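Note: ideal-geometry Cβ built from the backbone for every residue, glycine included; neighbour counts use all protein chains shown. The numbers here are math on the coordinates, done by the rules we state, and not lab data.
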Amino acid sequence: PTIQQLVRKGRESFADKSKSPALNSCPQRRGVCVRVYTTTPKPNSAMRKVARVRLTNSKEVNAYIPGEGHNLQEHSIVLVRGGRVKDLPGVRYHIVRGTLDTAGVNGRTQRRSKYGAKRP
Amino acid sequence: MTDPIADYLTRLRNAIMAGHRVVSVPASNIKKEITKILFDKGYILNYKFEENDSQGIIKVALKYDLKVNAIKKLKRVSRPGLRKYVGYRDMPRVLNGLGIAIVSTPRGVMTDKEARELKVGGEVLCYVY
Amino acid sequence: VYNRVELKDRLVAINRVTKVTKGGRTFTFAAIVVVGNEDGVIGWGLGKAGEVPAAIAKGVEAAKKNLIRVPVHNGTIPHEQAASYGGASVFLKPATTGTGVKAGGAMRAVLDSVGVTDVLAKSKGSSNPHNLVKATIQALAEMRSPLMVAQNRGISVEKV
RNA sequence: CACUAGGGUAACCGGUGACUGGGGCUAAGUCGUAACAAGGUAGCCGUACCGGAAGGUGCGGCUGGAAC
RNA sequence: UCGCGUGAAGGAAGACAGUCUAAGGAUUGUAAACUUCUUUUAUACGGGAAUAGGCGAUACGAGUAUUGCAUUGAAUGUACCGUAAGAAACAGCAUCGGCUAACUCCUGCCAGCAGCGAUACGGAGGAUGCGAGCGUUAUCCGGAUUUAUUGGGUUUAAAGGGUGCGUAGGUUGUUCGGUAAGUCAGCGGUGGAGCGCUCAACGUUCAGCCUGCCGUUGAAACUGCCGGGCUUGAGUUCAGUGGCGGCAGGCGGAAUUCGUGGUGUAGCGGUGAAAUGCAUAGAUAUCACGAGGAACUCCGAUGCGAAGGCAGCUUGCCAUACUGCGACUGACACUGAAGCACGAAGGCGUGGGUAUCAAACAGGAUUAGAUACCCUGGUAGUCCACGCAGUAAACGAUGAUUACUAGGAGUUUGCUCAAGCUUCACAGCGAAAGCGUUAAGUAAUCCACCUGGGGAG
RNA sequence: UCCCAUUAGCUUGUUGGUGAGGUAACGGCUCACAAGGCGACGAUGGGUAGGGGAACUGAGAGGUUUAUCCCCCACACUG
Ligand SMILES: [K+]
Ligand SMILES: [K+]
Ligand SMILES: [K+]
Ligand SMILES: [K+]
Ligand SMILES: [Mg+2]
Ligand SMILES: [Mg+2]
């Protein structure tokens, strides 16, 4: 545009959206397991364990449960962090293992800190 | 016309691109000063002023090597839509000192070298190299 | 561009270039090579052979055949220069003596093959290797030495 | 004089509601074949009328169309 | 965040793990054998942070002695025995990237991406980073030029308003003087080298920017303002040359529709083939008379208009264009957010008219079906006047103005020249197709618009 | 010295004059003629922020944010 056009109007800059809006600019939130169910991936064909959780920030979302073997159930207090799964539409949050009701993965000897397992 | 100095630079550039030997311009005082600066700085072969019934004509014979012109780029800086003013302490260097910038100053019209020598600033008309 | 017809070889990139035929897919092998002696002479070529070594050898031969002379002084450039070729644009500026080459990739390969030590280089177009190396060599070719500028203009004490 | 308290009408910001309609994604179960080749009636734009559905037809325009 | 330690020098290829019955990796790694203590422990000495009655005498300031005064606190530090003794995790090793064997699973799983579901999943052995930390999540910057003044674009990727007139605003040919608002200059005011931490983070001092604001002196090239000039831009006049430019009034022939009458009788019409339909209470065809509506063959591909658009003949009233003058005035110019005007077809309201064609609707065919394509009918509409409405592939998918830059082939008008009209084609531009004096080339002024796809105009 | 025109008119001590009172002090600060003033250089109305140096971060253009520190402002359950 011309210099006078820029003087009259100016330039407008948008705002980048946050990839985890339900956290409300927090690292982790606390919730209760409203529902525990299983979903199918959008060329994978697995059975991924998910929980619908109502967070304390007045919001309900879906959180994936990483690892093999979950002791969670309905109406369980869990810690929810960011991070999405590529081959699953919907879910965009993870459940921290080893915190609150969620227990660490049993029989883990590698990648222990990502699944909350102590040194054996 | 909107910018006669830009028109003069454009005429020179088009003649250089077309590979002509001479170029004619409707005369003006600041353009007479600019072509005098160019001739004494060694970018054109020679010039001539013809004062006719109109405002006058400037005829410029350009400088070619034994077929590359002596001028490579002309860039108008201070346009009517955005005027550029600078001092001697912040004057620019064109092509890292191998090119010139025509500057209008209260002491007259000269290049950036003479302007920095005389410690004066003004309008930056064009970059020439 | 002055043609100016031992230089080491640098492989910029290779490509898995395919073809579609009724029988199936036939695959070639392309490679961009730059030859230079770190002195002011740099050439570039494109080998298009079946095997990788054969493609590299053909590119080396083509780059040796097509050479130009780039005016340089010490390990820097006489002035700043911008040049665009295709969807790629390059900008080169002189820098301080203790700075080195500040760019990576095809730009770094071309500037190493030409031997320039201190340079500030920035790419403002695309990351295509062909157009990138061609734009960089065009920028180097459009570069004028102070002696060349003085010869074109007249006197050699113009900078004073 | 005004801090409140009281009635009433007017705004704005908000919840909920018998019932009633879009959109996105995942499944794809059903029904046809509208477009991509002259896609088997060249295609598209506007407008009007009419159909389970993609759509059809009338009038004007375009080639981002064949073929002559 | 910074610093230190978890030991230092020699010791051949133990036992136990892996991968191949031996060989290779762990591996000089362990085990003993020789020294050192930073640091931990037990003891002693233990700083620094603490500095603040006479004797001039101006009779009081002020300068000189003495006195106690440490929460931190066994705290720095110094010294003494007897000992390697008390002290290493976490991540990832298929590409981007540094780092590979074997067993599982063949869903369980993993992922930042190419994706694998394994030199990608889980374990075991080795490897590679970093290291008292290592990873995961959340937030903010740069690469991003992904808002582009520096520093992007709009033919076909997103992006030129349907077209003009015009208000505010932005820009301003040439020249002679004034002024000093912008601009420039001067003078004032104001706001790396050491030293100490045992080293370092960190403390601290001086050289060094103040380049932001204000005051006060000067300069006049350029922009602005004021006062005059010039004619090249712009406009007015005159002459010549136009034209499917607008509005309005008249005049026409061909075809075709209906009504009424001559001739005449076995079909006509339609289709790929048929049928629905008209027709012996008298068709098609053919000859007349009477009443009407709509469209303008040949010329006819070119010209005009701001765009939408404009084509039978003629007249009237308007507008407008192009070329020139030795006629005039003197920069009176360009663009233009708001606003206003015009604006194809279809559509709406009131009054006329109503021949052809024809949405909707009705019947006949083809198909598995045919809510279509084909055929026969057929009402709005199509026509006129006035008024609404304001849309289009309203397209050159390309805004207006000004100046400049190569050649070929045609064409119209004004006379070899200048306007216009379209396709090949230098330089240049472009991602390419391509554009190329009617630019999408080189430049300047203003306006409009774009910032991933759906949702969604 | 922030956004919104899917915020276009606002104000009636509001603008000015005379006089008086009041104040540490000028003044519609208050009290007894003319009528004005302010707005497309954004009045008015609505939403959201305490403001700077710092700090972080970009070659630069700059930008982000006031965690410790310093300067100014506002407040002390609500009037
Ligand atoms: K079809
Ligand atoms: K069709
Ligand atoms: K049209
Ligand atoms: K062409
Ligand atoms: Mg487009
Ligand atoms: Mg247009």
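Report whether or not residue C:45 is away from chain B (no Cβ under 14 Å), under 29 Å from residue C:159 (Cα atoms) and of a type outside the set (A, V, I, L, M). Spelling it out, it is not the case that residue C:45 is away from chain B (no Cβ under 14 Å), under 29 Å from residue C:159 (Cα atoms) and of a type outside the set (A, V, I, L, M). Restricting attention to the range A:4-22, the residues that are exposed (fewer than 11 other Cβ atoms within 10 Å of the Cβ) and either within 14 Å of chain B (Cβ to nearest Cβ) or away from RNA strand F (no atom under 16 Å from the Cβ) (or both) add up to 6.
When only residues in the range B:58-67 that are within 13 Å of another protein chain (Cβ to nearest Cβ) and aliphatic (A, V, I, L, M) count, which is surrounded by the fewest Cβ atoms within 10 Å (Cβ to Cβ)?
Restricting attention to the range B:58-67, the residues satisfying the condition of being within 13 Å of another protein chain (Cβ to nearest Cβ) are B:62-67.
Still in the list and also aliphatic (A, V, I, L, M): B:62, B:66.
Working: B:62: 19, B:66: 4.
The selected residue is B:66.
List pairs: first in the range A:1-21 and within 15 Å of residue B:81 (Cβ to Cβ), second part of a loop (DSSP other than H, G, I, E, B) and within 11 Å of RNA strand F (Cβ to nearest atom), Cβ under 8 Å, 6+ apart or cross-chain? Once the first residue is within 15 Å of residue B:81 (Cβ to Cβ) and sits in the range A:1-21, its partners that are part of a loop (DSSP other than H, G, I, E, B) and within 11 Å of RNA strand F (Cβ to nearest atom) give A:1/A:9.
Tell me the residue from B:101, B:61, B:70, B:115 that is within 24 Å of residue C:155 (Cα to Cα), within 12 Å of RNA strand E (Cβ to nearest atom) and of a type in the set (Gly, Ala, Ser), please. Even if it seems obvious, please write down each step before you answer.
Values: B:101 fails: within 12 Å of RNA strand E (Cβ to nearest atom); B:61 fails: within 12 Å of RNA strand E (Cβ to nearest atom); B:70 fails: within 12 Å of RNA strand E (Cβ to nearest atom).
None of the other options fit; the residue is B:115.
Which of the residues that make up the range B:1-45 are assigned to a helix (DSSP H, G or I) and more than 19 Å from residue B:73 (Cβ to Cβ)? Of everything in the range B:1-45, those that are assigned to a helix (DSSP H, G or I) and more than 19 Å from residue B:73 (Cβ to Cβ) turn out to be B:4, B:29, B:30, B:32, B:33, B:36, B:40.
Being touching a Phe, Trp or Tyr at 6+ places or on another chain (Cβ under 7 Å), within 12 Å of another protein chain (Cβ to nearest Cβ) and either surrounded by 15 or more Cβ atoms within 10 Å (Cβ to Cβ) or not in a helix (DSSP H, G or I) (or both), is that true of even one residue in the range B:46-57? Checked the range B:46-57: no residue is touching a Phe, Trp or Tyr at 6+ places or on another chain (Cβ under 7 Å), within 12 Å of another protein chain (Cβ to nearest Cβ) and either surrounded by 15 or more Cβ atoms within 10 Å (Cβ to Cβ) or not in a helix (DSSP H, G or I) (or both). Residues considered: C:89, C:156. Of these, the only one that is within 14 Å of another protein chain (Cβ to nearest Cβ) and of a type in the set (S, T, N, Q) is C:156. Would you confirm, using the coordinates I've provided, whether residue C:58 is among the charged types (D, E, K, R) and either within 14 Å of chain B (Cβ to nearest Cβ) or within 18 Å of residue C:32 (Cα to Cα) (or both)? Criteria met by residue C:58.
Does residue A:25 qualify as being hydroxyl-bearing (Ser, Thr, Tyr) and either under 20 Å from residue A:104 (Cβ atoms) or surrounded by fewer than 13 Cβ atoms within 10 Å (Cβ to Cβ) (or both)? Here the answer is yes, as residue A:25 does meet what is asked. Here residue A:64 fits the description: more than 6 Å from RNA strand E (Cβ to nearest atom), within 14 Å of the chain's Cα centre (by Cα) and among the aromatic types (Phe, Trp, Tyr).
For the range C:41-160, which helices (runs of 4 or more DSSP H) that fit wholly inside it have 3 or more residues that are more than 11 Å from the chain's Cα centre (by Cα), surrounded by fewer than 17 Cβ atoms within 10 Å (Cβ to Cβ) and among the aromatic types (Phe, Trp, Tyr)? Spell out the reasoning first.
Values: elements: C:52-65, C:106-114, C:129-141, C:146-153.
Passing ranges: none, list empty.
Can you confirm whether residue B:129 is surrounded by fewer than 18 Cβ atoms within 10 Å (Cβ to Cβ) and of a type in the set (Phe, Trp, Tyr)? No: the conditions fail for residue B:129. Residue-level check: of (1) acidic (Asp, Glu); (2) more than 13 Å from chain C (Cβ to nearest Cβ); (3) out of contact with any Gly (no Cβ under 7 Å at 6 or more places or on another chain), residue B:40 misses just (2).
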